[PDB]
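Residue-level listing of the chains:
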Amino acid sequence: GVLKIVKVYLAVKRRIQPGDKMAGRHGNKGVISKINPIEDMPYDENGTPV
Amino acid sequence: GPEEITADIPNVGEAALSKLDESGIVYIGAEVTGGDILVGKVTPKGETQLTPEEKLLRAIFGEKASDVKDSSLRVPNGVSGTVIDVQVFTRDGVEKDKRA
Amino acid sequence: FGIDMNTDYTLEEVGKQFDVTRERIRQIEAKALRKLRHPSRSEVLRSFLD
Amino acid sequence: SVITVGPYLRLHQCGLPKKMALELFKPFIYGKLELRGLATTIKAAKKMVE
Amino acid sequence: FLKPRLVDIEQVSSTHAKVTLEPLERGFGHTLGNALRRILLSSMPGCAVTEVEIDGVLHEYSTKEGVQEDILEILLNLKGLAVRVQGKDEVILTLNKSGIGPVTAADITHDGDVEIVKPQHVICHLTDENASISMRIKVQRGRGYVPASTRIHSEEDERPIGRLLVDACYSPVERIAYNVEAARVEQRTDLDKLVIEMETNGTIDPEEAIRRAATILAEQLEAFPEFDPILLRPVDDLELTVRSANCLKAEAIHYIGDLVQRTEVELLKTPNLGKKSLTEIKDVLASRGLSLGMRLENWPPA
Amino acid sequence: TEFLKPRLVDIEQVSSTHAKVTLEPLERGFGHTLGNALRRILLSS
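Residues numbered from 1 in each chain as written, not as in the entry; some residues may be left out. Chains lettered and ligands numbered in written order. Part of a larger assembly, values for the part shown. Heavy atoms only, no water. Residues with missing side-chain atoms left out of burial classes, pairs and counts.

The deposited coordinates, according to the entry record, derive from X-ray crystallography at 3.9930 Å resolution.

**Student:** Please clarify how the overall build of chain C should be interpreted in this entry.
**Tutor:** Looking only at helices and strands, one finds three helices and zero strands in chain C. Reading chain C from its N end, one meets helices and strands in the order α-α-α. Its C-alpha atoms give chain C a radius of gyration of 14 Å, more than 25% over the compact-globule value 10 Å for 50 residues. For chain C, the spread of C-alpha atoms along the principal axes amounts to about 35 × 25 × 15 Å. In chain C, buried positions account for 18% of the 50 residues. (Helix = DSSP H or I, 4+ residues; strand = E, 2+ residues; numbered from the N terminus. Rg over C-alpha atoms; globule rule 2.2 N^0.38 Å. Buried < 20%, exposed > 50% of the residue type's maximum accessible area, 1.4 Å probe, protein only.)

**Student:** In this structure, what is going on with the interface of chain B and chain E? I would like to understand it.
**Tutor:** Much of the literature gives interface size as the accessible area that the parts lose upon coming together. Counting from both sides, the interface comprises ten residues of chain B and, opposite them, ten residues of chain E. For the pair chain B and chain E, the summed buried surface comes to about 850 Å²; carbon and sulfur atoms form 54% of the total. When the area that chain B buries against chain E is broken down by residue, the three leading residues are B:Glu14, B:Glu31 and B:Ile84, summing to 43%. Our enumeration of links across chain B and chain E arrives at one residue pair in polar contact. Tallied by class, residues from the side of chain B that touches chain E come to four nonpolar, three polar and three charged. (Contact = heavy atoms within 4.5 Å. Buried area = accessible area lost by both parts, 1.4 Å probe. Polar contact = N/O pair within 3.5 Å; in protein donor to acceptor, adjacent residues only side chain to side chain. Nonpolar A, V, L, I, M, F, W, Y, C, P; charged D, E, K, R; others polar.)

**Student:** Would you take a moment to explain the interface of chain B and chain A for this structure?
**Tutor:** On the chain A side, the residues contacting the 25 residues of chain B number 14 residues. Summed over the shared surface of chain B and chain A, the result is one salt bridge. With its nearest N and O atoms 2.3 Å apart, the salt bridge here joins A:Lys4 to B:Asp97. In this structure, the connection of chain B to chain A is made through eight residue pairs in polar contact. Secondary-structure elements contributing two or more residues to the side of chain B that touches chain A are β2 (37-39) and β6 (81-90) of chain B. (Salt bridge = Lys/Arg side-chain N within 4 Å of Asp/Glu carboxyl O.)

**Student:** What should I look at first to understand the sheet that holds β6(B) in this one?
**Tutor:** Strand pairing in a sheet takes place through backbone hydrogen bonds and is either antiparallel or parallel in direction. With respect to topology, three strands assemble into an open sheet ordered β1(A)-β6(B)-β1(B), the strand pairing being antiparallel. One side of each edge strand has no neighbouring strand; the edge strands of this open sheet are β1 (4-12) of chain A together with β1 (31-32) of chain B. Of the strand pairs in this sheet, β1(A) and β6(B) are connected by nine bridges, and their pairing is antiparallel. When the sheet's bridge partners are listed, A:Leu10 is paired in β6(B) with B:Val83. (Pairing = 2+ DSSP bridges.)

**Student:** Which parts of the structure should I look at to understand the pattern of salt bridges?
**Tutor:** Inspection of the entire model under this criterion finds 35 salt bridges over all chains. The partner of C:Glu23 in a salt bridge is C:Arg26, and the shortest N-O contact between them spans 3.4 Å. With C:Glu23 and C:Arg26 both in helix α2 (residues 23-37) and three residues apart, this pair spans about one turn of that helix. For E:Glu207, the salt bridge goes to E:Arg211, with nearest N and O atoms at 3.5 Å. In this pair, E:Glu207 and E:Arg211 both sit in helix α3 (residues 206-220), four residues apart, roughly one turn of the helix. Residue classification places E:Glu207 among the partly exposed positions, given a relative accessible area of 37%.

**Student:** When you look at unusual backbone geometry in this model, what are you seeing that I'm missing?
**Tutor:** As a rule of thumb, non-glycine residues mostly have phi less than zero, and peptide bonds are mostly trans rather than cis. Here the amide bond leading from E:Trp299 into E:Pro300 is cis, since omega sits at -5°, within 30 degrees of zero. Note on placement: E:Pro300 falls in the segment after α7 (275-286). Even without being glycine, C:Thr7 reaches a positive phi, approximately 45°. Relative to the elements of secondary structure, C:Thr7 occurs in the segment before α1 (11-18). In this structure, C:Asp19 takes a positive phi of about 65° despite not being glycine. Among the secondary structure elements, C:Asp19 is positioned in the loop between α1 and α2. Since its relative accessible area comes to 72%, C:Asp19 is described here as exposed.

This is how it looks when you write it as structure tokens:
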């Protein structure tokens, strides 16, 4: 019944957004809540954010 | 009747027909989002059997209602990516189209 | 057409119902559609066409 | 969908994704859109939110 | 009520420097300092590369023969290329190289406002004797982070599919840290110093950044329905032939509203419109319930 | 590369010695720096 088939292959690039699931190797799961600016990030005396 | 992969699609603008080649298949490397037509497809449906208000509408605006329905493959809603590959399979003995 | 009515009527039938028949009626329609063709009348119906 | 925190919220509310709310309330959106007159007809409303 | 000012700016590297502020009253080093850190990290002019058209490449997901880097890798490398411009908001450069060996950032053609801070920076390598790559690197200026995904809404024919859009990295600032130490000026009870030690890519001078930061900071204190829509669509929406469209545009007809006002007489009087073109225009207009010589009286409202 | 200033103030004050003022748009992360630097100055100085 099928005369001809056209397969298109899409490459989608997604980064990360709230709702994504992240976990360490220790069984500690988690879901990204909000994406905070570098500005509001807790930083040490060296000035390097976390 | 037999369905066609042709680039001829009932009721679409040039913006829609832009991303398709003469044969009706999206170009390699063309970035797309939901709703863009990847592969133009059309299937025969004859004698649409319209109604009175529709008949008035058509005679007022003078539009031929096509005997072909739009089955074209379009990017799923919400997903956006770049086309990196296209493969065409043809029944042994059916003539390969231009793009193929 | 068949608008808010059973079936629809041939131009001659419409002529019998109007007592003024034939070519006459065919003209009215032509000028009628025409009046509906131009915008401010046609802008409402135009969006119905996708 | 997956859920997140939103501590800023009051007890009586919850954060609802834009797209989700758009798709969910679609008939309401159509109705209001052609209620105020932003849309000629329901078809036009569909085309607008689409 | 002593107001602060700056003092010795110590540049230890092309990368980073320590700017200092002498006259600071009780506790003000922190109030000024952190607030300055914020604006410094967040809002600053940047020139990060946006658009890149390469040689034989349709998409960023291919590999070009003769280069061991994947195209996506090359884009990611370009995003980390630090340049500074003067008079131009957006410049386009041209990169060209061949033969076996690394292609650095100094291998690009040098323009008037182009300044390459890292000439040694690696864009991509070259693995074969005869293998060559040309590319247009379109560099524009902006603030904050502008990803490549949000870049497409306006669209408007980015059709040159060979052009790969890249995420905007606009910002000189890498790391900013502020330390307040008690600063003893000759005579005064007790005052503080502000040592802001910042990290940059070299594309912005310390005095300049520290200046604009407080410039913006103070700058915030400054307040402390009839007719058819179809008539306003561009003529391109009519989908005419290139010739007809160009002719109409040449006759100051840019929208459908402009076209429906003209008559057959007037259009035939134009230097470039024959009977075929007029037939086409009448056909496409009639196909959408429009025509020539249409009056809408009131062109235009606002 | 022009900037953004607020444009929808509305000082809602209770009684006389008390006040609650609000500022509508403000670029991302500007609300915290303004709010804080100011709180610091208001309280400490």
